[PDB]
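Chemist: There's a structure below that I have some questions on.
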Amino acid sequence: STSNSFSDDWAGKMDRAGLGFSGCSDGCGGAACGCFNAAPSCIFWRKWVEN
Amino acid sequence: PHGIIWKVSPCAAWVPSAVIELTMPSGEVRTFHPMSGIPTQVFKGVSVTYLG
Amino acid sequence: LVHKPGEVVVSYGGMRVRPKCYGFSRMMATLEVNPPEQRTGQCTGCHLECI
Amino acid sequence: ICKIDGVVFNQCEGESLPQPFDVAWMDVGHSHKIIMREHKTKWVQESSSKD
């Protein structure tokens, strides 16, 4: 149930960020995917709105 | 007292089927009963099925 | 009689085999590496005419 | 899978960093092992005198 997809690195801790949803997905494996293991890699993503 | 045993198998599909005597190129010859839409217990990769 | 379920027989691909040892463990292995790196990016020789 | 501990298994024209991989295996007394993913096992006692 872990929804806090922020490892103290995202820019969500701002006053101008706004509303968003902490989502996440998996990755791929191989030399072209960025890792050295044919297994899903943890890839986090954060979206929001601005004005 | 007697011990008479009966074997009942309900079914309401009645799909066409047939027999297949498959012979592998290596030399082995086996037989199996494929169904019309049901896997026929694939043997060494071969998954030949029948359609009605 | 010793307390055990007895010998185990496993079937694979319709064939019944009697192995020597049966277990599940890890093993070091390698993976496939496909570095395409823009195989066919952009290349074409043509011409235009009017009718 | 391409290579397992310096043993040629497949043809990949390239090797990568070894990585642990969870997979079952069985032996039949030969040189190399045989890994299997989907398998059906059956435990039979047979009331053997060796037990």
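If you're wondering about the labels, chains in the structure tokens are A, B, ... by order shown, residues count from 1 in each chain, ligands from 1 in order shown.
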Pull out every residue of chain C sitting within 8 Å of chain B, counting only C-alpha atoms, and send them as a VMD selection string.

Modeler: chain C and resid 13 to 15

Chemist: What does the file look like for those residues with N, CA, C and O atoms, as a short mmCIF file (atom, residue, chain, number, x, y, z; two decimals), in the first residue's frame?

Modeler:
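Just written: result29.cif:
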```
data_model
loop_
_atom_site.label_atom_id
_atom_site.label_comp_id
_atom_site.auth_asym_id
_atom_site.auth_seq_id
_atom_site.Cartn_x
_atom_site.Cartn_y
_atom_site.Cartn_z
N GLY C 13 6.57 -32.17 -20.40
CA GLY C 13 6.27 -32.35 -21.81
C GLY C 13 5.71 -33.71 -22.16
O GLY C 13 5.99 -34.24 -23.24
N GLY C 14 4.91 -34.30 -21.26
CA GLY C 14 4.32 -35.60 -21.50
C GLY C 14 5.20 -36.78 -21.18
O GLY C 14 4.72 -37.92 -21.23
N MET C 15 6.47 -36.56 -20.85
CA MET C 15 7.40 -37.64 -20.53
C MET C 15 7.68 -37.65 -19.04
O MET C 15 7.97 -36.61 -18.45
#
```

Chemist: Could you give me, as JSON lines, every chain A residue with an atom at most 9 Å from chain D, plus its closest atom pair and distance in Å to one decimal, counting only C-alpha atoms, rows ordered by chain then number?

Modeler:
```
{"residue": "A:31", "atom": "CA", "partner": "D:16", "partner_atom": "CA", "distance": 8.6}
{"residue": "A:36", "atom": "CA", "partner": "D:17", "partner_atom": "CA", "distance": 6.5}
{"residue": "A:37", "atom": "CA", "partner": "D:19", "partner_atom": "CA", "distance": 6.4}
{"residue": "A:38", "atom": "CA", "partner": "D:19", "partner_atom": "CA", "distance": 8.7}
```

Chemist: Suppose we keep N, CA, C and O atoms; can you now write the selection as a short mmCIF file (atom, residue, chain, number, x, y, z; two decimals), in the first residue's frame?

Modeler:
```cif
data_model
loop_
_atom_site.label_atom_id
_atom_site.label_comp_id
_atom_site.auth_asym_id
_atom_site.auth_seq_id
_atom_site.Cartn_x
_atom_site.Cartn_y
_atom_site.Cartn_z
N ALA A 31 21.05 -3.90 -21.58
CA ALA A 31 22.00 -2.81 -21.75
C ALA A 31 21.32 -1.56 -22.29
O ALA A 31 21.77 -0.44 -21.98
N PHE A 36 21.73 -3.90 -15.54
CA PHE A 36 22.42 -5.13 -15.88
C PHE A 36 21.67 -6.35 -15.35
O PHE A 36 22.27 -7.30 -14.85
N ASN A 37 20.34 -6.31 -15.44
CA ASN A 37 19.51 -7.40 -14.94
C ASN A 37 18.19 -7.39 -15.70
O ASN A 37 17.50 -6.37 -15.74
N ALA A 38 17.85 -8.53 -16.30
CA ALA A 38 16.60 -8.68 -17.05
C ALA A 38 15.46 -8.84 -16.05
O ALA A 38 14.90 -9.92 -15.84
#
```

Chemist: Could you give me, as a list in words, each residue of chain D that DSSP assigns to strand (DSSP E or B) when run on this structure's backbone?

Modeler: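 DSSP-assigned strand (DSSP E or B) residues in chain D: residues 3, 8, 19, 20, 21, 22, 23, 24, 25, 26, 34, 35, 36, 40, 41, 42, 43 and 44 of chain D.
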
Chemist: Select, as a ChimeraX atom specification, those residues of chain C with any atom no more than 12 Å from chain D (distances computed using only C-alpha atoms).

Modeler: /C:1-35

Chemist: Please compute the atom CA of residue A:34-atom CA of residue A:2 distance, one decimal, in Å.

Modeler: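 Distance reported for this atom pair: 24.9 Å.
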
Chemist: How many Å separate atom CA of residue A:43 from atom CA of residue A:23?

Modeler: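 For atom CA of residue A:43 relative to atom CA of residue A:23, the distance reads 9.7 Å.
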
Chemist: Identify which of the residues A:29, A:50, A:41, A:12 lies closest to chain C, counting only C-alpha atoms when measuring atom-to-atom distances.

Modeler: A:29

Chemist: Please measure the separation of atom CA of residue A:10 and atom CA of residue A:46, giving the value in Å to one decimal.

Modeler: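 Separation between atom CA of residue A:10 and atom CA of residue A:46: 8.1 Å.
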
Chemist: Tell me, as JSON, numbers by chain, which residues lie within 12 Å of residue A:24, counting only C-alpha atoms; anything in the same chain fewer than 3 positions away does not count.

Modeler: {"A": [2, 3, 4, 5, 6, 21, 27, 41, 42, 43, 44, 45, 46, 47]}

Chemist: Would you output that residue set with N, CA, C and O atoms, as a PDB file, in the first residue's frame?

Modeler:
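The result, stored in part_39.pdb:
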```pdb
ATOM      1  N   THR A   2       2.148   1.164  -0.236  1.00  0.00           N
ATOM      2  CA  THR A   2       3.024   2.332  -0.141  1.00  0.00           C
ATOM      3  C   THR A   2       2.782   3.254  -1.328  1.00  0.00           C
ATOM      4  O   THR A   2       3.099   2.909  -2.471  1.00  0.00           O
ATOM      5  N   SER A   3       2.218   4.432  -1.059  1.00  0.00           N
ATOM      6  CA  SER A   3       1.955   5.425  -2.092  1.00  0.00           C
ATOM      7  C   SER A   3       2.927   6.594  -2.061  1.00  0.00           C
ATOM      8  O   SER A   3       2.952   7.386  -3.009  1.00  0.00           O
ATOM      9  N   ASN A   4       3.728   6.722  -1.002  1.00  0.00           N
ATOM     10  CA  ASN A   4       4.696   7.811  -0.879  1.00  0.00           C
ATOM     11  C   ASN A   4       5.876   7.516  -1.799  1.00  0.00           C
ATOM     12  O   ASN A   4       6.912   6.983  -1.398  1.00  0.00           O
ATOM     13  N   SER A   5       5.705   7.878  -3.071  1.00  0.00           N
ATOM     14  CA  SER A   5       6.728   7.647  -4.091  1.00  0.00           C
ATOM     15  C   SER A   5       7.654   8.860  -4.209  1.00  0.00           C
ATOM     16  O   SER A   5       7.843   9.441  -5.277  1.00  0.00           O
ATOM     17  N   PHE A   6       8.235   9.239  -3.073  1.00  0.00           N
ATOM     18  CA  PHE A   6       9.146  10.374  -2.994  1.00  0.00           C
ATOM     19  C   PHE A   6      10.309  10.009  -2.090  1.00  0.00           C
ATOM     20  O   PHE A   6      10.152   9.949  -0.865  1.00  0.00           O
ATOM     21  N   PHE A  21      -0.647  13.431  -8.198  1.00  0.00           N
ATOM     22  CA  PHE A  21      -0.915  12.063  -7.774  1.00  0.00           C
ATOM     23  C   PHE A  21       0.391  11.286  -7.825  1.00  0.00           C
ATOM     24  O   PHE A  21       1.033  11.221  -8.878  1.00  0.00           O
ATOM     25  N   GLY A  27      10.109  -0.951 -14.834  1.00  0.00           N
ATOM     26  CA  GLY A  27      10.987  -0.711 -15.960  1.00  0.00           C
ATOM     27  C   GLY A  27      11.305  -2.001 -16.697  1.00  0.00           C
ATOM     28  O   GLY A  27      10.633  -3.020 -16.532  1.00  0.00           O
ATOM     29  N   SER A  41      12.595  -2.723 -13.356  1.00  0.00           N
ATOM     30  CA  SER A  41      13.274  -1.750 -12.516  1.00  0.00           C
ATOM     31  C   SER A  41      12.277  -0.722 -11.999  1.00  0.00           C
ATOM     32  O   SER A  41      11.291  -0.394 -12.668  1.00  0.00           O
ATOM     33  N   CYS A  42      12.545  -0.211 -10.800  1.00  0.00           N
ATOM     34  CA  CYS A  42      11.661   0.757 -10.164  1.00  0.00           C
ATOM     35  C   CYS A  42      11.851   2.126 -10.805  1.00  0.00           C
ATOM     36  O   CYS A  42      12.936   2.714 -10.721  1.00  0.00           O
ATOM     37  N   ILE A  43      10.797   2.633 -11.443  1.00  0.00           N
ATOM     38  CA  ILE A  43      10.813   3.927 -12.115  1.00  0.00           C
ATOM     39  C   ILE A  43       9.620   4.720 -11.601  1.00  0.00           C
ATOM     40  O   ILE A  43       8.466   4.351 -11.857  1.00  0.00           O
ATOM     41  N   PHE A  44       9.892   5.804 -10.881  1.00  0.00           N
ATOM     42  CA  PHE A  44       8.852   6.637 -10.297  1.00  0.00           C
ATOM     43  C   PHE A  44       8.563   7.831 -11.200  1.00  0.00           C
ATOM     44  O   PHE A  44       9.438   8.310 -11.927  1.00  0.00           O
ATOM     45  N   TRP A  45       7.320   8.307 -11.150  1.00  0.00           N
ATOM     46  CA  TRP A  45       6.894   9.449 -11.946  1.00  0.00           C
ATOM     47  C   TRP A  45       5.911  10.291 -11.146  1.00  0.00           C
ATOM     48  O   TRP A  45       5.113   9.757 -10.372  1.00  0.00           O
ATOM     49  N   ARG A  46       5.978  11.607 -11.339  1.00  0.00           N
ATOM     50  CA  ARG A  46       5.101  12.542 -10.648  1.00  0.00           C
ATOM     51  C   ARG A  46       4.619  13.600 -11.627  1.00  0.00           C
ATOM     52  O   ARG A  46       5.426  14.205 -12.340  1.00  0.00           O
ATOM     53  N   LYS A  47       3.307  13.819 -11.659  1.00  0.00           N
ATOM     54  CA  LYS A  47       2.695  14.832 -12.502  1.00  0.00           C
ATOM     55  C   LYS A  47       1.917  15.817 -11.641  1.00  0.00           C
ATOM     56  O   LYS A  47       1.494  15.501 -10.525  1.00  0.00           O
TER      57      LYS A  47
END
```

Chemist: So which one's closest to residue B:37, B:51, B:14, B:19, B:6? Using only C-alpha atoms, please.

Modeler: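 Smallest separation from residue B:37 among the options: B:51.
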
Chemist: Identify, on the basis of only C-alpha atoms, every residue whose closest approach to stretch 26-34 of chain B does not exceed 10 Å; exclude the query and any residue fewer than 2 positions from it along the same chain; express the result as a list in words.

Modeler: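 Here the qualifying residues turn out to be residues 16, 17, 18, 19, 20, 21, 22, 23, 24, 36, 37, 38, 39, 40, 41, 42, 43, 47, 48, 49, 50 and 51 of chain B.
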